[PDB]
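Undergrad: One structure coming up, written as structure tokens, with questions to follow.
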Amino acid sequence: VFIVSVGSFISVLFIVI
Amino acid sequence: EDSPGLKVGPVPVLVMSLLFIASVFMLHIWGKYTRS
Amino acid sequence: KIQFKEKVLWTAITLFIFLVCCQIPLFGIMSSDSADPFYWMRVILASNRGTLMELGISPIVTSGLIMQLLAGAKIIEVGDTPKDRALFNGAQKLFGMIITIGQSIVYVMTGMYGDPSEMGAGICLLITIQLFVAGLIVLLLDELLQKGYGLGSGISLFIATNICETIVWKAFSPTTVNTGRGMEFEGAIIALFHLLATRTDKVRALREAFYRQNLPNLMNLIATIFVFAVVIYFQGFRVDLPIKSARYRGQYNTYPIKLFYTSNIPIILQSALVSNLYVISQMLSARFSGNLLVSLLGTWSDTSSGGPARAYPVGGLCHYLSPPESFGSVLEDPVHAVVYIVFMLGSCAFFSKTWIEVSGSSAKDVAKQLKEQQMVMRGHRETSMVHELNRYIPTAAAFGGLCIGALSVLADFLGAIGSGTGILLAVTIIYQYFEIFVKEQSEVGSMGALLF
Amino acid sequence: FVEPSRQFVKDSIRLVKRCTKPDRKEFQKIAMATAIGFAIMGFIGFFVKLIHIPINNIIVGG
């Protein structure tokens with residue numbers, strides 16, 4: 001559950017940068 | 001969580017606006033105002 | 001607190017403050033932004049946000065995903081944290097806020113001592129801040145309402161709203177056209193025409209000669225139409241089968257799933273990472289560290305990330321992602337257009353399947369819900385609930401988003417508007433959002449336009 | 001990519017036959033709702049700019 005969320009979070013991270 | 005219990009506050013939102021109105025218009029023209 | 005009515009309303013109040021903030025970030029004084037340009041990235045970036053200077057509202061959209069990261073997670077031991085006092089879940093939420101703040105700081109300028117960033121492209125510290133005030137009310141709403149478990153219908157409405165605003169903003173933008181027409185589509189129309197145009201509709205489509213100088217805007221009108229016809233058709237397919245319903249009393253109301261429902265939401269995310277990735281890449285390759293010799297070694301020439309001697313976004317990830325760009329008018333690059341369609345198609349189906357698990361709709365979740373509001377027990381077999389209900393739910397979730405993700409790449413080619421890439425993502429969202437707005441509310445609909 | 005394509009074909013064949021479009025009335029009804037909605041989103045941004053710019057120098061009044 002965490003693992004899936006983390007994958008999504010990395011993808012998200014670049015957007016803000 | 002946050003140590004304040006009334007955290008979000010109607011009052012902070014009003015304060016942000018109050019600072020903002022002076023910053024927009026006194027500093028710079030927008031309605032034939034003086035520009036600093 | 002949960003309530004479909006409450007979640008939609010919170011998003012609406014926030015929505016207005018986005019526009020009031022916007023004008024000072026736009027043009028103030030002599031200020032200019034040097035490079036950025038594109039369209040696909042801009043519609044994504046646009047969580048209610050537009051103009052030359054990037055990423056004003058961007059940390060705020062992100063924050064909701066951060067809350068999901070931890071609130072409904074668990075694995076890597078540090079649960080109940082070695083923190084004094086105690087009180088978890090809210091503690092996880094607090095950690096979530098810190099991650100959002102960290103993302104914000106790097107873009108904005110920071111003081112020289114303790115600085116740990118910058119030396120490239122950044123600044124925009126004053127420019128970000130006004131958006132931050134609008135987006136602070138969003139952040140604060142999220143803190144209070146959530147109390148360590150939260151969801152919300154934020155995501156769709158902000159992105160959707162913006163494009164309508166942008167088209168209007170473009171109209172009052174000066175394209176170095178002659179003094180204005182007074183209500184033909186923005187630009188590209190000659191001086192003789194302009195004086196006539198204000199008066200009312202006559203002339204335009206039937207005339208004697210007009211236009212054709214360098215159009216930008218006849219492309220806008222036909223763009224919307226292409227999306228318009230197919231979206232409404234696929235918000236019509238449904239699977240029903242409910243009888244005897246609500247227990248005894250017996251009376252039946254049909255149960256409706258579009259099956260493009262609960263499928264759309266992954267696709268918006270799938271579009272979002274990729275478009276942003278394309279703008280950023282330039283910085284990593286050319287102007288960060290390391291990849292000089294490493295670029296040559298890795299990139300065999302077939303296409304590899306952070307590729308050597310690449311102008312515009314770096315070869316690799318970007319190279320498959322698009323061709324010239326050319327607003328879809330050059331695509332016969334047997335190798336760019338083909339890869340673009342297939343890569344997006346495979347990525348979309350992956351995110352549809354991961355949506356099922358515990359972040360959206362699965363057959364186990366629906367099983368419990370139909371036990372509560374009782375279908376009449378659904379006509380069912382002797383117990384063997386485990387299969388029964390199940391089979392059409394993974395297929396439906398996959399199918400819904402797979403169709404949209406296929407369509408989106410082709411849609412860019414056919415004709416996006418003034419932007420030329422931007423329209424498609426925003427328009428699709430509005431139809432989906434309308435169903436969240438009124439149907440979920442389970443009573444009446446919208447609000448406003450009354451008084452009190 | 002083989003498994004996603006295989007699921008997609010399997011879903012579609014049942015779906016075409018056991019589903020039907022927005023049965024004349026419905027497609028128009030959703031479209032109409034969207035059209036009203038669209039106006040609210042962007043024309044609010046039109047009205048603020050209309051007022052704000054001609055204060056400094058009149059170009060259309062506001």
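Residues are referred to by chain and number: the chain letter is A, B, ... according to the order shown in the structure tokens, the number counts from 1 in that chain, and ligands are numbered separately from 1 in the order shown.
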Set the distance at 10 Å and use only C-alpha atoms: which residues neighbour stretch 1-14 of chain A once local chain neighbours fewer than 3 positions away are removed? I'd like the list as a count of residues only.
TA: 34
Undergrad: Need the shell around residue D:61: protein/DNA/RNA residues with any atom at most 12 Å away, counting only C-alpha atoms. Skip same-chain ones fewer than 3 positions apart. Format as JSON, numbers by chain?
TA: {"B": [31], "D": [49, 50, 51, 52, 53, 54, 55, 56, 57, 58]}
Undergrad: Excluding residue D:21 and its own-chain neighbours fewer than 6 positions away, which residues fall within 12 Å of it when counting only C-alpha atoms? Please give them as a count of residues only.
TA: 14
Undergrad: So, counting only C-alpha atoms, which residue among C:349, C:86, C:427, C:155 is closest to residue C:405?
TA: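 Counting only C-alpha atoms, the residue closest to residue C:405 is C:349.
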Undergrad: What's the separation between atom CA of residue C:40 and atom CA of residue C:337, in Å to one decimal place?
TA: 15.8 Å
Undergrad: Return as a ChimeraX atom specification the residues belonging to chain C that are within 8 Å of chain D, counting only C-alpha atoms.
TA: /C:19,161-169,232-239,346,349,392,395-396,398-399,402,430-431,434
Undergrad: What does the distance from atom CA of residue C:146 to atom CA of residue C:1 come to in Å, to one decimal?
TA: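 Those two atoms sit 7.5 Å apart.
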Undergrad: Quick check, in Å to one decimal: how far apart do atom CA of residue C:131 and atom CA of residue B:35 lie?
TA: 23.2 Å
Undergrad: Determine, counting only C-alpha atoms, which protein, DNA and RNA residues have an atom within 10 Å of an atom of stretch 7-23 of chain B; residues of the same chain fewer than 4 positions away are not included. Present the result as an mmCIF file with C-alpha atoms, in the first residue's frame.
TA:
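Full text of around.cif as output:
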```cif
data_model
loop_
_atom_site.group_PDB
_atom_site.id
_atom_site.type_symbol
_atom_site.label_atom_id
_atom_site.label_comp_id
_atom_site.auth_asym_id
_atom_site.auth_seq_id
_atom_site.Cartn_x
_atom_site.Cartn_y
_atom_site.Cartn_z
ATOM 1 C CA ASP B 2 -0.887 22.101 15.708
ATOM 2 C CA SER B 3 -0.555 23.540 19.211
ATOM 3 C CA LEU B 27 3.504 51.215 -3.805
ATOM 4 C CA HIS B 28 2.310 51.220 -7.409
ATOM 5 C CA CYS C 21 -4.576 36.712 -6.107
ATOM 6 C CA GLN C 130 0.305 36.023 -3.408
ATOM 7 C CA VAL C 133 -2.100 33.251 0.448
ATOM 8 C CA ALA C 134 -4.956 31.795 -1.653
ATOM 9 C CA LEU C 136 -2.798 28.793 2.368
ATOM 10 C CA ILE C 137 -6.562 28.873 2.978
ATOM 11 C CA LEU C 139 -3.804 24.129 3.234
ATOM 12 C CA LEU C 140 -5.424 25.237 6.502
ATOM 13 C CA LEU C 141 -8.791 23.767 5.418
ATOM 14 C CA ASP C 142 -6.975 20.459 4.791
ATOM 15 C CA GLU C 143 -5.355 20.513 8.274
ATOM 16 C CA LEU C 144 -8.578 21.077 10.250
#
```
Undergrad: Once DSSP has gone over the backbone, tell me which residues of chain B are in helix (DSSP H, G or I), as a PyMOL selection string.
TA: chain B and resi 10-25
Undergrad: Using N, CA, C and O atoms, can you write the selected residues to a file as a PDB file, in the first residue's frame?
TA:
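Result saved to out24.pdb:
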```
ATOM      1  N   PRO B  10     -10.860  32.719  11.212  1.00  0.00           N
ATOM      2  CA  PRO B  10     -11.307  33.806  10.351  1.00  0.00           C
ATOM      3  C   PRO B  10     -10.384  35.012  10.375  1.00  0.00           C
ATOM      4  O   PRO B  10     -10.264  35.679   9.349  1.00  0.00           O
ATOM      5  N   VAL B  11      -9.764  35.311  11.546  1.00  0.00           N
ATOM      6  CA  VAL B  11      -8.900  36.453  11.776  1.00  0.00           C
ATOM      7  C   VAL B  11      -7.639  36.460  10.918  1.00  0.00           C
ATOM      8  O   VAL B  11      -7.379  37.518  10.351  1.00  0.00           O
ATOM      9  N   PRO B  12      -6.854  35.391  10.703  1.00  0.00           N
ATOM     10  CA  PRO B  12      -5.660  35.429   9.870  1.00  0.00           C
ATOM     11  C   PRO B  12      -5.920  35.786   8.434  1.00  0.00           C
ATOM     12  O   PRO B  12      -5.086  36.477   7.857  1.00  0.00           O
ATOM     13  N   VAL B  13      -7.033  35.299   7.836  1.00  0.00           N
ATOM     14  CA  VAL B  13      -7.415  35.558   6.460  1.00  0.00           C
ATOM     15  C   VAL B  13      -7.634  37.042   6.237  1.00  0.00           C
ATOM     16  O   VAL B  13      -7.194  37.594   5.229  1.00  0.00           O
ATOM     17  N   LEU B  14      -8.298  37.719   7.209  1.00  0.00           N
ATOM     18  CA  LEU B  14      -8.545  39.145   7.217  1.00  0.00           C
ATOM     19  C   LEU B  14      -7.266  39.944   7.289  1.00  0.00           C
ATOM     20  O   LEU B  14      -7.147  40.967   6.620  1.00  0.00           O
ATOM     21  N   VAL B  15      -6.286  39.490   8.111  1.00  0.00           N
ATOM     22  CA  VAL B  15      -4.981  40.101   8.282  1.00  0.00           C
ATOM     23  C   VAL B  15      -4.197  40.084   6.989  1.00  0.00           C
ATOM     24  O   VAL B  15      -3.573  41.084   6.645  1.00  0.00           O
ATOM     25  N   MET B  16      -4.222  38.959   6.225  1.00  0.00           N
ATOM     26  CA  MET B  16      -3.510  38.827   4.966  1.00  0.00           C
ATOM     27  C   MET B  16      -3.997  39.831   3.953  1.00  0.00           C
ATOM     28  O   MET B  16      -3.192  40.454   3.263  1.00  0.00           O
ATOM     29  N   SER B  17      -5.336  40.017   3.870  1.00  0.00           N
ATOM     30  CA  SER B  17      -5.991  40.994   3.030  1.00  0.00           C
ATOM     31  C   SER B  17      -5.626  42.413   3.399  1.00  0.00           C
ATOM     32  O   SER B  17      -5.426  43.246   2.519  1.00  0.00           O
ATOM     33  N   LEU B  18      -5.554  42.717   4.719  1.00  0.00           N
ATOM     34  CA  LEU B  18      -5.270  44.033   5.251  1.00  0.00           C
ATOM     35  C   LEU B  18      -3.889  44.531   4.891  1.00  0.00           C
ATOM     36  O   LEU B  18      -3.723  45.693   4.523  1.00  0.00           O
ATOM     37  N   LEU B  19      -2.863  43.647   4.969  1.00  0.00           N
ATOM     38  CA  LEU B  19      -1.518  43.920   4.504  1.00  0.00           C
ATOM     39  C   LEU B  19      -1.487  44.148   3.014  1.00  0.00           C
ATOM     40  O   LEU B  19      -0.814  45.061   2.538  1.00  0.00           O
ATOM     41  N   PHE B  20      -2.226  43.297   2.258  1.00  0.00           N
ATOM     42  CA  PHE B  20      -2.216  43.245   0.815  1.00  0.00           C
ATOM     43  C   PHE B  20      -2.695  44.527   0.175  1.00  0.00           C
ATOM     44  O   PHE B  20      -2.098  44.953  -0.808  1.00  0.00           O
ATOM     45  N   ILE B  21      -3.773  45.159   0.705  1.00  0.00           N
ATOM     46  CA  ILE B  21      -4.398  46.320   0.100  1.00  0.00           C
ATOM     47  C   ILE B  21      -3.467  47.508   0.030  1.00  0.00           C
ATOM     48  O   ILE B  21      -3.430  48.200  -0.987  1.00  0.00           O
ATOM     49  N   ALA B  22      -2.683  47.770   1.103  1.00  0.00           N
ATOM     50  CA  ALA B  22      -1.659  48.786   1.094  1.00  0.00           C
ATOM     51  C   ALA B  22      -0.550  48.506   0.104  1.00  0.00           C
ATOM     52  O   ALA B  22      -0.089  49.416  -0.581  1.00  0.00           O
ATOM     53  N   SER B  23      -0.104  47.226   0.006  1.00  0.00           N
ATOM     54  CA  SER B  23       0.987  46.821  -0.857  1.00  0.00           C
ATOM     55  C   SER B  23       0.720  46.996  -2.333  1.00  0.00           C
ATOM     56  O   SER B  23       1.603  47.406  -3.079  1.00  0.00           O
ATOM     57  N   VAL B  24      -0.519  46.686  -2.783  1.00  0.00           N
ATOM     58  CA  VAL B  24      -0.965  46.804  -4.154  1.00  0.00           C
ATOM     59  C   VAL B  24      -0.971  48.225  -4.694  1.00  0.00           C
ATOM     60  O   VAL B  24      -0.613  48.437  -5.853  1.00  0.00           O
ATOM     61  N   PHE B  25      -1.378  49.238  -3.883  1.00  0.00           N
ATOM     62  CA  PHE B  25      -1.883  50.483  -4.429  1.00  0.00           C
ATOM     63  C   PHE B  25      -1.023  51.639  -4.006  1.00  0.00           C
ATOM     64  O   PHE B  25      -0.809  52.551  -4.801  1.00  0.00           O
TER      65      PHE B  25
END
```
Undergrad: Using only C-alpha atoms, which of C:445, C:370, C:347, C:93 sits nearest chain B?
TA: C:93
